[PDB]
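The structure under discussion appears below in the form of structure tokens.
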Amino acid sequence: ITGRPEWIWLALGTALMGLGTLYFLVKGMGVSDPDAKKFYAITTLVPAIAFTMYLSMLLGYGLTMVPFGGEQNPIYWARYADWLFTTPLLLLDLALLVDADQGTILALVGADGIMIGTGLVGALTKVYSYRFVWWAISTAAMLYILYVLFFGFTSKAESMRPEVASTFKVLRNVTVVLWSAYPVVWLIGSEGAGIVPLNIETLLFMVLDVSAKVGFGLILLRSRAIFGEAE
Amino acid sequence: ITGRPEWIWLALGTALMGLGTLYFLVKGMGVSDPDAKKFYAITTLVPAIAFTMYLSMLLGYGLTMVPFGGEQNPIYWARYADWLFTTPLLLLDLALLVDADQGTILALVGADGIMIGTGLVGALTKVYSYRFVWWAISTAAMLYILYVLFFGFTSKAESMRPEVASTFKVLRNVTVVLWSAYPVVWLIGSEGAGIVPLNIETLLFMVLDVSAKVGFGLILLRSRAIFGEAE
Amino acid sequence: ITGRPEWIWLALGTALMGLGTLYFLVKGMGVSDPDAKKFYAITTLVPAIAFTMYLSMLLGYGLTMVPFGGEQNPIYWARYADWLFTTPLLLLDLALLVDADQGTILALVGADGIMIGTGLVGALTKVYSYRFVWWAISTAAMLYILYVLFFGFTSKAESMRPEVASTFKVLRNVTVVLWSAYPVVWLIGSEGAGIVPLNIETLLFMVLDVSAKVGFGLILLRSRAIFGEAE
Ligand SMILES: CC(C)CCC[C@@H](C)CCC[C@@H](C)CCC[C@@H](C)CCOC[C@@H](CO)OCC[C@H](C)CCC[C@H](C)CCC[C@H](C)CCCC(C)C
Ligand SMILES: CC(C)CCC[C@@H](C)CCC[C@@H](C)CCC[C@@H](C)CCOC[C@@H](CO)OCC[C@H](C)CCC[C@H](C)CCC[C@H](C)CCCC(C)C
Ligand SMILES: CC(C)CCC[C@@H](C)CCC[C@@H](C)CCC[C@@H](C)CCOC[C@@H](CO)OCC[C@H](C)CCC[C@H](C)CCC[C@H](C)CCCC(C)C
Ligand SMILES: *C/C=C(C)/C=C/C=C(C)/C=C/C1=C(C)CCCC1(C)C
Ligand SMILES: *C/C=C(C)/C=C/C=C(C)/C=C/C1=C(C)CCCC1(C)C
Ligand SMILES: *C/C=C(C)/C=C/C=C(C)/C=C/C1=C(C)CCCC1(C)C
Ligand SMILES: CCCCCCCCCCCCCCC
Ligand SMILES: CCCCCCCCCCCCCC
Ligand SMILES: CCCCCCCCCCCCCC
Ligand SMILES: CCCCCCCCCCCCCC
Ligand SMILES: CCCCCCCCCCCCC
Ligand SMILES: CCCCCCCCCCCCC
Ligand SMILES: CCCCCCCCCCCCC
Ligand SMILES: CCCCCCCCCCC
Ligand SMILES: CCCCCCCCCCC
Ligand SMILES: CCCCCCCCCCC
Ligand SMILES: CCCCCCCCCCC
Ligand SMILES: CCCCCCCCCCC
Ligand SMILES: CCCCCCCCCCC
Ligand SMILES: CCCCCCCCCC
Ligand SMILES: CCCCCCCCCC
Ligand SMILES: CCCCCCCCCC
Ligand SMILES: CCCCCCCCC
Ligand SMILES: CCCCCCCCC
Ligand SMILES: CCCCCCCCC
Ligand SMILES: CCCCCCCC
Ligand SMILES: CCCCCCCC
Ligand SMILES: CCCCCCCC
Ligand SMILES: CCCCCCCC
Ligand SMILES: CCCCCCCC
Ligand SMILES: CCCCCCCC
Ligand SMILES: CCCCCCCC
Ligand SMILES: CCCCCCCC
Ligand SMILES: CCCCCCCC
Ligand SMILES: CCCCCCC
Numbered sequence: 004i005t006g007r008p009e010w011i012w013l014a015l016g017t018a019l020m021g022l023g024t025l026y027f028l029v030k031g032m033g034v035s036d037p038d039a040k041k042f043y044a045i046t047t048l049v050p051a052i053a054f055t056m057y058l059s060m061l062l063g064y065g066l067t068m069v070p071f072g073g074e075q076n077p078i079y080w081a082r083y084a085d086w087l088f089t090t091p092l093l094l095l096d097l098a099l100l101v102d103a104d105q106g107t108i109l110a111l112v113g114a115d116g117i118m119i120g121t122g123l124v125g126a127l128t129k130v131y132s133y134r135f136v137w138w139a140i141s142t143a144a145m146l147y148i149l150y151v152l153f154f155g156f157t158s159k160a161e162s163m164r165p166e167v168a169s170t171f172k173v174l175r176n177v178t179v180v181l182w183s184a185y186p187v188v189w190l191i192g193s194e195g196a197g198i199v200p201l202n203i204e205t206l207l208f209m210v211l212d213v214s215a216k217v218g219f220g221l222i223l224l225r226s227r228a229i230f231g232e233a234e
Numbered sequence: 004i005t006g007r008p009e010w011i012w013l014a015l016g017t018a019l020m021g022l023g024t025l026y027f028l029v030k031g032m033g034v035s036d037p038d039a040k041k042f043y044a045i046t047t048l049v050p051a052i053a054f055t056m057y058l059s060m061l062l063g064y065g066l067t068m069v070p071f072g073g074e075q076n077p078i079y080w081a082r083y084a085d086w087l088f089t090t091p092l093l094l095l096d097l098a099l100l101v102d103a104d105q106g107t108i109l110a111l112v113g114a115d116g117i118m119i120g121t122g123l124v125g126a127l128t129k130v131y132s133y134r135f136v137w138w139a140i141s142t143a144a145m146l147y148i149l150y151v152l153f154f155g156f157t158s159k160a161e162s163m164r165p166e167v168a169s170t171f172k173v174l175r176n177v178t179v180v181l182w183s184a185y186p187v188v189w190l191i192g193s194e195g196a197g198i199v200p201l202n203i204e205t206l207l208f209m210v211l212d213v214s215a216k217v218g219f220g221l222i223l224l225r226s227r228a229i230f231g232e233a234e
Numbered sequence: 004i005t006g007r008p009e010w011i012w013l014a015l016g017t018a019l020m021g022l023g024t025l026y027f028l029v030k031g032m033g034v035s036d037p038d039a040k041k042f043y044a045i046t047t048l049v050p051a052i053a054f055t056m057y058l059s060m061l062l063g064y065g066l067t068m069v070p071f072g073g074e075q076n077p078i079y080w081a082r083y084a085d086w087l088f089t090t091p092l093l094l095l096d097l098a099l100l101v102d103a104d105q106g107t108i109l110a111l112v113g114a115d116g117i118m119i120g121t122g123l124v125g126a127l128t129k130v131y132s133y134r135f136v137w138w139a140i141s142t143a144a145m146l147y148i149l150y151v152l153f154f155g156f157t158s159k160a161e162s163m164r165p166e167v168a169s170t171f172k173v174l175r176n177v178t179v180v181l182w183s184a185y186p187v188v189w190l191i192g193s194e195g196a197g198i199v200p201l202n203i204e205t206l207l208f209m210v211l212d213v214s215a216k217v218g219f220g221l222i223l224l225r226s227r228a229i230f231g232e233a234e
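Next up, the structure:
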């Protein structure tokens, strides 16, 4: 385990997702409101899944070697298994907040699936130049998601409760900034151009992941917006 | 096929899931009620999926060799492919019975996914001691599911029709007893401590599977609880 | 890339799915109706997914070699990854058109999953004779889907708006004819009996895919049936 310099960030990531999971689980114990239960369910599942996949990376299961550039390159494939489930869940949190129509939810989740799936293919592609073709397609899918979060959702929120509008706005901004960093880290890290070494890359992803999941969740679950308006 | 002593239980399992599938399909032919159609759909799909995966194990496709303990260990991975889809379907049957809120359904299905996914990782893990780490996490996810089935669902059922309350109670009890045996069999069988040989392990899983799927389905689909109250 | 004679059909397929995707995306820009948004979302996702998987086949990622018949046989596994997601989406388009009950939708999607999953197992099976066992099970699942599209849906459509009835009828007929060709092509092509060479097989699948996705989508998205009745 300790033979990989990035182990420390995997261990920290595992611990923080674990602690985040336990905290949200305990916090959601005293919740009977059906709307709030949905948000607690979605939001607690996110670090729970991330916990399992961080642990899989820490123990070495979620790592494979991919030959490109005439080298055996360590690729943590478990990230994509995580993101495949957790990024649509995060989008669902946002979509449910603003009472998105079903068509838009399907568009988001579908685009997200394409984003992660093509990122995975890019990560495992042995022809070096083609890795960036997949990166570009995945990034286009991300750009679509970001467009919808801004020019389909933000104007929907203004027509809703002020607490849901303000909470959505914060979470939207957090999401757009944090999510946009991922293709950059991939591009310059071990999966892409290889300018940033894997240990630093792992640190960067860990900071992004904890912020995008536990940070996000802390903001969401402390908000009154997740409760139905009741007396 | 006959070169594996466990083939007989795989063959029997295949036949019983097949027959179970055909029986539920025929039985559901004369059903127009929209609620009953949901239960027939869910409940017929369960042995249909199990049929395909038993057949895959029988024909040898759903088997791989995993090196641990300095041995090549036969691991039937197809079980997890089965359970990944059939256990949430079984939980959906229960959840729909008691008209569970969406948040609770998501919690159940999500926990179930974690249960099966981590069981799969445990099954394929090459570091012997780590297999039991995954077993423990999976078992914790199972315990969460069982907690919800008792302390989130049972009190919901009492507020519903007597036929749905009584049927849920029976199916809940069947589910908790049968499902709890699976981590025990895994732990002592070829995936875990290796005390019980694979042929007996396969027998045990076959008895559990047929009971948890066809047995469960027979109880559910004979009940009046799957029909909306109509005149 | 050009080393495989079928590359031309993969390239054409990629281009046509890409163009189809862009066309539906642009066309759906000026849509606010919640019902129409659902259909645009579903129908645009279908060629988008197919685009990615055609590209994966073109670049060689979505190809593996399967030993059977004492030969190394090129099997494009990416087709199943495509179909796993796009065929239920296509069925959802049809089901939503006729306002299918949830039980029937689950039956369709479930049968479809079995159809594609067993086709995949058949495609990767190393025992030649067993490949056709999987083909038969998959074809039985297809026959179930076709039965439901005719003897569960058609009589539902007649009870609905004339525009939805007529559009459903056309799309149903297109779907039944086109989908039925797939098991035939598989059976006689490289996955099955090997009578038709892979380059021609790839052409046939490309024509079917573009017709079943872009052709289908063009018919659906030009129809008034995807809009709620409004003044
Ligand atoms: C609505 C939305 C959800 C839509 C989703 C968008 C989605 C279509 C985007 C593309 C997803 C697709 C790329 C997933 C591919 C998974 C693949 C990387 C798994 C690894 O297999 C790749 C090679 C080794 O590199 O296997 C060696 C060859 C082996 C023989 C491989 C054979 C097994 C195949 C992998 C079977 C395909 C199953 C499905 C791809 C499962 C989906 C997995 C998940 C990652 C989407
Ligand atoms: C809401 C709920 C549904 C949440 C679900 C909870 C879920 C997160 C729990 C964990 C699921 C995750 C462990 C699934 C892992 C699948 C993996 C075992 C497949 C086999 O690949 C493992 C190694 C060989 O041992 O592959 C050799 C290396 C290869 C290069 C592997 C690369 C391909 C990757 C497998 C791509 C990942 C795709 C997804 C994991 C598909 C999910 C499969 C299913 C089993 C969940
Ligand atoms: C409600 C509906 C959706 C129901 C769906 C119906 C469905 C049950 C029908 C059967 C699906 C099932 C056959 C999928 C099998 C995927 C499998 C082909 C992936 C490739 O792995 C096969 C072998 C190499 O040939 O791997 C070499 C051995 C490796 C060690 C394999 C270990 C990893 C396993 C693949 C883990 C299983 C994960 C799930 C099968 C993911 C589903 C993938 C998708 C194709 C259904
Ligand atoms: C909790 C984890 C999160 C929120 C991860 C989000 C990941 C992304 C937004 C990844 C995007 C990528 C691209 C846009 C292209 C390059 C490859 C990816 C997958 C890193
Ligand atoms: C129809 C099949 C059923 C109902 C199978 C259920 C399986 C489980 C409840 C399995 C649980 C496991 C654990 C709790 C940890 C050990 C590994 C598993 C996957 C066997
Ligand atoms: C857009 C792609 C479409 C509509 C593909 C549809 C594919 C099928 C209907 C495939 C059916 C098969 C069988 C019925 C058995 C043989 C194997 C398959 C998977 C080709
Ligand atoms: C979106 C964040 C991308 C910026 C990443 C900056 C990382 C700087 C770390 C120094 C690079 C290490 C190179 C020498 C080993
Ligand atoms: C490929 C995995 C996609 C599924 C991710 C799980 C989250 C799905 C959320 C469903 C949103 C509801 C749409 C109507
Ligand atoms: C990883 C596979 C999970 C999907 C299993 C299929 C059953 C899902 C049931 C969905 C329940 C509805 C939730 C609102
Ligand atoms: C194995 C992949 C199955 C999921 C395919 C995605 C489409 C699912 C459509 C869901 C229909 C809604 C059912 C209530
Ligand atoms: C085009 C949609 C406008 C809002 C999205 C902001 C785009 C941020 C660019 C991210 C950079 C990724 C490499
Ligand atoms: C803690 C929830 C109470 C109901 C669940 C019963 C737990 C049964 C233990 C199963 C043993 C698994 C090894
Ligand atoms: C049995 C359902 C009647 C409508 C389905 C038509 C069946 C077409 C046969 C397709 C041939 C596949 C090999
Ligand atoms: C070896 C790198 C070759 C450059 C490939 C860049 C492709 C990026 C695609 C963006 C449209
Ligand atoms: C393929 C990238 C798409 C980003 C621009 C958005 C196009 C308009 C979409 C309107 C729903
Ligand atoms: C070789 C066996 C070593 C014991 C591992 C047991 C781990 C179980 C984890 C329960 C918390
Ligand atoms: C991680 C195992 C959880 C089992 C105990 C239940 C904790 C309380 C959950 C309340 C929804
Ligand atoms: C080598 C071919 C052997 C014939 C197998 C055909 C099986 C088809 C199953 C249809 C019930
Ligand atoms: C297993 C093939 C099934 C095709 C015939 C349909 C049987 C009746 C189903 C009624 C819903
Ligand atoms: C509750 C604390 C969870 C921490 C477990 C994972 C940390 C890795 C330690 C090596
Ligand atoms: C309808 C009977 C189904 C039995 C087929 C599978 C049994 C295995 C026989 C070797
Ligand atoms: C918009 C045009 C998309 C075409 C890209 C794929 C075609 C393959 C060219 C070799
Ligand atoms: C992106 C950083 C999130 C900060 C989380 C703090 C939560 C305090 C309520
Ligand atoms: C767990 C055993 C189930 C027994 C099924 C019998 C069904 C008869 C109605
Ligand atoms: C199966 C062929 C479909 C033809 C599509 C033409 C669409 C024109 C409206
Ligand atoms: C990590 C355990 C949380 C302790 C309770 C915090 C207040 C809800
Ligand atoms: C007005 C909301 C600002 C949130 C920005 C957070 C950036 C990490
Ligand atoms: C809208 C601001 C996005 C900032 C992107 C930063 C990526 C590191
Ligand atoms: C396995 C075939 C079932 C025969 C009909 C049973 C009575 C519905
Ligand atoms: C009161 C219901 C009892 C059911 C127990 C079944 C145990 C297998
Ligand atoms: C509530 C009783 C559970 C019994 C567990 C038996 C496991 C073999
Ligand atoms: C492929 C681009 C489509 C151009 C607009 C067509 C009319 C909606
Ligand atoms: C009456 C609808 C006829 C459609 C047939 C299309 C065959 C490809
Ligand atoms: C209902 C007519 C089906 C035609 C099947 C054609 C397959 C090539
Ligand atoms: C909570 C489980 C953590 C396992 C870490 C083992 C190194």
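Just so you know, the sequences run in chain order A, A' and A''. A prime marks a further copy of an entry chain.
Each residue of the first sequence is one higher than the one before, counting from 4 in PDB author numbering.
Each residue of the second sequence is one higher than the one before, counting from 4 in PDB author numbering.
Each residue of the third sequence is one higher than the one before, counting from 4 in PDB author numbering.
For every residue, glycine included, the Cβ atom is placed at its ideal position computed from N, Cα and C.
Legend entry - Cβ shell of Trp80/A (< 8 Å), same chain only, five flanking positions each side left out: Residue mapping note: residue 80/A aligns to position 77 of the first sequence, counting from 1. Cβ neighbours of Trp80/A within its own chain (closer than 8 Å, five residues either side excluded): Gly65, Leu66, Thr67, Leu123, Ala126 and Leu127.
Inset, instruction - Please report the Cβ distance between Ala184/A' and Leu190/A', rounded to the nearest whole angstrom; I am assuming they are in contact, meaning their Cβ atoms lie under 8 Å. - result: In the second sequence, residue 184/A' corresponds to position 181, counting from 1. In the second sequence, residue 190/A' corresponds to position 187, counting from 1. For a cut-off of 8 Å, the C-beta gap from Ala184/A' to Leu190/A' is around 11 Å, too long to register as a contact.
Legend entry - Beta bridge counterpart(s) of residue 235/A as assigned by DSSP: Nothing can be reported for residue 235/A, as the shown portion of chain A is limited to 4 through 234.
Legend entry - Entirely enclosed beta strand (DSSP E) segments - the segment 46–125 of chain A', minimum 3 residues: Runs of the beta strand (DSSP E) spanning 3 or more residues and lying entirely within the segment 46–125 of chain A' occur at 67–71 and 74–78, in chain order.
Legend entry - Closer than 8 Å at the beta carbon, the chain A residues around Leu223/A'': As a working note, residue 223/A'' is residue 220 in the third sequence. Within chain A, no residue has its beta carbon less than 8 Å from that of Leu223/A''; the closest one is some 14 Å off.
Legend entry - Exposure of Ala143/A'', with buried meaning 16 or more beta-carbon neighbours within 10 Å: Position 140 of the third sequence, counted from the first residue, corresponds to residue 143/A''. It counts as exposed.
Legend entry - Within-8 Å CB hit, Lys216/A'' to chain A: As a working note, residue 216/A'' is residue 213 in the third sequence. So no, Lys216/A'' is outside the interface.
Legend entry - Shell residues, 7 Å Cβ cut-off relative to heavy atoms of ligand 32: The set, ordered by position in the chain, is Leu22/A'', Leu25/A'', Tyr26/A'', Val29/A'' and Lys30/A''.
Legend entry - Proximity test, residue 262/A beta-carbon vs ligand 19 heavy atom, cut-off 7 Å: With chain A covering only 4 through 234, there is no way to say anything about residue 262/A.
Inset, instruction - Label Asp212/A either buried or exposed according to how many other C-beta atoms from any shown protein chain fall within 10 Å of its C-beta, with 16 as the threshold for buried. - result: For the purposes of this step, residue 212/A is taken as the residue at position 209 of the first sequence. Under the 10 Å beta carbon count, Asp212/A is surrounded by 16 or more other beta carbons and is classified as buried.
Legend entry - Cβ-based contacts, 9 Å cut-off: residues of the segment 122–141 of chain A'' near chain A': So the list reads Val124, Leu127, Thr128, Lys129, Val130, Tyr133, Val136, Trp137 and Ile140, given in the order they occur along the chain.
Legend entry - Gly197/A' (DSSP reduced to helix, strand or coil): Sequence index remark: in the second sequence, residue 197/A' carries index 194 (1-based). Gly197/A': coil per DSSP, three-state reduction.
Legend entry - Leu152/A'' versus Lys216/A' - alpha carbon distance: Against the third sequence, residue 152/A'' aligns to sequence position 149. Against the second sequence, residue 216/A' aligns to sequence position 213. Rounded to the nearest angstrom, the two C-alpha atoms are 27 Å apart.
Inset, instruction - Can you say whether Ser35/A' is buried or exposed, counting buried as having 16 or more other CB atoms within 10 angstroms of its CB? - result: Your numbering for residue 35/A' matches position 32 in the second sequence. Around the beta carbon of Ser35/A', fewer than 16 other beta carbons sit within 10 angstroms, so the residue counts as exposed.
Legend entry - Alpha carbon of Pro8/A to alpha carbon of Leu224/A'', nearest angstrom: Stepping through the first sequence from its first residue, residue 8/A is reached at position 5. Stepping through the third sequence from its first residue, residue 224/A'' is reached at position 221. Approximately 53 Å between the Cα atoms of the pair.
Legend entry - Near-chain A residues of the segment 41–63 of chain A'' (beta-carbon distance less than 9 Å), N- to C-terminal order: Only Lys41, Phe42, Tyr43, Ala44, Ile45, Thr47, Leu48, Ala51, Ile52, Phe54, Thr55, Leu58, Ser59, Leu62 and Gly63 from the segment 41–63 of chain A'' bring a Cβ to less than 9 Å from some Cβ of chain A.
Legend entry - Among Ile117/A'', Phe154/A'', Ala110/A'' and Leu181/A'', nearest to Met56/A' - alpha-carbon criterion: The residue you call residue 56/A' lines up with position 53 of the second sequence. Looking at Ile117/A'', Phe154/A'', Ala110/A'' and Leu181/A'', the one whose alpha-carbon comes closest to that of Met56/A' is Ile117/A''.
Inset, instruction - Count the C-beta pairs between the segment 47–61 of chain A'' and the segment 17–35 of chain A'' that are closer than 8 Å, then say yes if the count reaches three, no if not. - result: Output reads yes: the segment 17–35 of chain A'' touches the segment 47–61 of chain A''.
Legend entry - C-beta atoms of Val177/A'' and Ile222/A'' nearer than 8 Å: Residue mapping note: residue 177/A'' aligns to position 174 of the third sequence, counting from 1. Residue mapping note: residue 222/A'' aligns to position 219 of the third sequence, counting from 1. For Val177/A'' and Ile222/A'', yes; Cβs fall inside 8 Å.
Inset, instruction - Grab me the residues of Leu95/A's own chain with a C-beta within less than 8 Å of its C-beta, minus the 5 sequence neighbours each way, in chain order. - result: Here residue 95/A is taken as the residue at index 92 of the first sequence, counted from 1. Hits under 8 Å: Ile45, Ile108 and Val112.
Legend entry - Which of helix, strand or coil DSSP assigns to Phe154/A: Residue mapping note: residue 154/A aligns to position 151 of the first sequence, counting from 1. Helix, per DSSP.
Inset, instruction - Compare the Cα-Cα distances from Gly63/A'' to each of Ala14/A'', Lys30/A'', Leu100/A'' and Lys159/A'' and report the closest residue. - result: The residue given as residue 63/A'' occupies position 60 in the third sequence. Nearest of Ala14/A'', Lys30/A'', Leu100/A'' and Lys159/A'' to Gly63/A'', Cα basis: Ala14/A''.
Legend entry - Own chain, CB closer than 8 Å to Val173/A', minus 5 neighbours either side, in chain order: Here the question's residue 173/A' lines up with position 170 in the second sequence. Cβ within range, chain order: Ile222.
Inset, instruction - May I have the straight-line CA-CA distance separating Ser226/A'' from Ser141/A, to the nearest angstrom? - result: Counting from 1 along the third sequence, the entry for residue 226/A'' is found at position 223. Counting from 1 along the first sequence, the entry for residue 141/A is found at position 138. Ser226/A'' and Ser141/A: Cα-Cα distance of roughly 31 Å.
Inset, instruction - Using 10 angstroms around the beta-carbon of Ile198/A'', count the other beta-carbons present and answer buried if the total reaches 16, otherwise exposed. - result: On the third sequence, position 195 is the one that residue 198/A'' refers to. Exposed, because fewer than 16 other Cβ atoms sit within 10 Å of the Cβ of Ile198/A''.
Inset, instruction - Report the neighbours of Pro37/A'' on chain A: residues whose CB is nearer than 7 Å to its CB, in chain order. - result: Working through the third sequence from its first residue, we reach residue 37/A'' at position 34. Listed along chain A are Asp104 and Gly106, each with a C-beta nearer than 7 Å to that of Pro37/A''.
Inset, instruction - Taking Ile229/A' as the query, report the chain A residues whose CB atoms sit under 8 Å from its CB, ordered along the chain. - result: Here residue 229/A' refers to the residue found at position 226 when the second sequence is read from its first residue. Correct list: empty, because the minimum Cβ distance to chain A is about 23 Å.
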